[PDB]
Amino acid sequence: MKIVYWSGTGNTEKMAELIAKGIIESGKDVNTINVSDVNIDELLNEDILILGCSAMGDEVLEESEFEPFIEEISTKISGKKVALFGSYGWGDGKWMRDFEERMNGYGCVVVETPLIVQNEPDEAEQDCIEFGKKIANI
């Protein structure tokens, strides 16, 4: 499996690592890839796309790298299962509610409720691991 993410200070990056840990504990292989190093072609071969990005701008996906990436794959992901996650700071999840509605509109099936954590995981560490285990069970 593959986990693709964008992280500005390391918060969403930490979530990605913990999610991968859950998949590994379930006995499956997984690789975490920063959005800047992802190969679209390889990524599209995956049954499940696990995508993460923190809340940026004013409740939007990061603009210089993540947003263009979503735009690029939007036309080739109809019918694909996707799991969404990300860290946020002062809001209550608006960027993720929008992200989910967007993916659903592209024809994707959002397999689980998106996982959102405020700032660094710390207390929500197990929640991240568990989300990974749910994904590994689909």
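In case it trips you up, residue 1 is the first one in the sequence shown, and so on.
Q: Looking only at CA atoms, which has the higher mean B factor in the entry: 70-78 or 51-59?
A: Higher of the two, by average CA B-factor, is 70-78.
Q: May I ask you to compare 109-117 and 82-90 by their mean CA B factor in the entry and name the higher one?
A: It is 109-117 that shows the higher mean C-alpha B-factor.
Q: Highest recorded C-alpha temperature factor, please, choosing from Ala124, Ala16, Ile129, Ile24.
A: Highest C-alpha B-factor among the listed residues goes to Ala124.
Q: Taking the C-alpha B-factors as the PDB entry records them, is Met103 in the lowest, middle or highest third of its chain?
A: Lowest third - that is where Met103 ends up once the chain's C-alpha B-factors are sorted.
Q: In terms of the chain's CA B-factor thirds, is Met96 lowest, middle or highest?
A: For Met96, whose C-alpha B-factor we compare with every modelled residue in the chain, the answer is the lowest third.
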